[PDB]
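Starting off, we have a lone chain in the form deposited in one PDB entry, written out as structure tokens.
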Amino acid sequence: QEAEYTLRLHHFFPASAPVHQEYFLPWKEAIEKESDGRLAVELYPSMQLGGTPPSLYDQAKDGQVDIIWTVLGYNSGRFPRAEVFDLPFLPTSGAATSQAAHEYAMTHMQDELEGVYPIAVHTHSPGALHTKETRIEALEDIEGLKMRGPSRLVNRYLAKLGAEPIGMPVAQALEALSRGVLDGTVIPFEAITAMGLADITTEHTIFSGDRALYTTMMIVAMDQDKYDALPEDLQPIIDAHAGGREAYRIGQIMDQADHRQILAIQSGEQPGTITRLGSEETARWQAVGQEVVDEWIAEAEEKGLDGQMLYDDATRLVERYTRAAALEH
């Protein structure tokens, strides 16, 4: 049957990106099939419908497009309750941390997310250090490195670690590294794959223990007005492909793509070196991490927010969904 509604989905990553290939294409396929063609989904990668990645959230909210995928922290100050998921050593896997992020959003961010229908509120998989030249074997090695992070709280951590943070969306990272504006970038390994950085940032540092260095909250966001405009028999077709299960799935795709990329480097199929900092060394980065946590909670409280409560709930949810994933397998 002919399209009753065409949904334009706009994002900042290339079509070859794992989340595009393994989530957005199947999402398109299921929405079009289950709607018997009454819903058409058009995917627009690489900012093909214009603007820059910080503009994405409002493109969906304001209805310039129907669906976006973005980083909430690309808009500094805008999603203060979401910032709890940027904190050091809070996250585990993409899969578990995403499910925690979706539940957290549903229970704490109803005001912050007013005007968008959340298909998935999720995080990326473990954030790691990627550099052009410097093998980071110790805290001292990051001193004075120009490092790109996605958000003011990850940049805050990078500065407390003794780096020089330069805030920008990861889409500027290729050119900035190319021209010597950056020494490197934090991102998960699947983002290395996506952005074609494997042959540029060839030094990679990961950590010891039951928590990743950091992550950041992302969103697959639908214009609430466009959802509200759908007939009562097409709204449930969206609902069937929206919520915490979708967030878990996005995190799982990234986790799997991380593993492929890390294996490819370790095997010598792709040039690079992976350096895992031992327990004692990691403990040094976690001790700085705690100072950022303590600071954020104090900042939050002075500003009215119950930061301590939001931090306790975010950490409880990560542990809950991590243990549930661990018990199953």
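Each form is matched to the other, and the largest set of C-alpha atoms that superpose within 1.5 Å is called the rigid core. From 1 onward, residues are counted along the sequence shown.
Absent from the display: the form deposited in another entry. The rest refers to it.
Colleague: Only one of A95, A242, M147, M109 shifts by 2 Å or more at CA between the shown form and the other one when the core is aligned; which is it?
Modeller: The displaced C-alpha is that of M147.
Colleague: Taking the rigid core as the frame, does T185 move its C-alpha by 2 Å or more between the shown form and the other one?
Modeller: Passes the 2 Å threshold, so yes.
Colleague: Core-aligned, is the CA shift for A163 between the shown form and the other one 2 angstroms or more?
Modeller: Where the cores coincide, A163 still shows a C-alpha shift between the shown form and the other one that is 2 Å or more.
Colleague: After a core superposition, would you say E137 shifts its C-alpha by at least 2 Å between the shown form and the other one?
Modeller: Yes; that C-alpha moves by at least 2 Å between the shown form and the other one.
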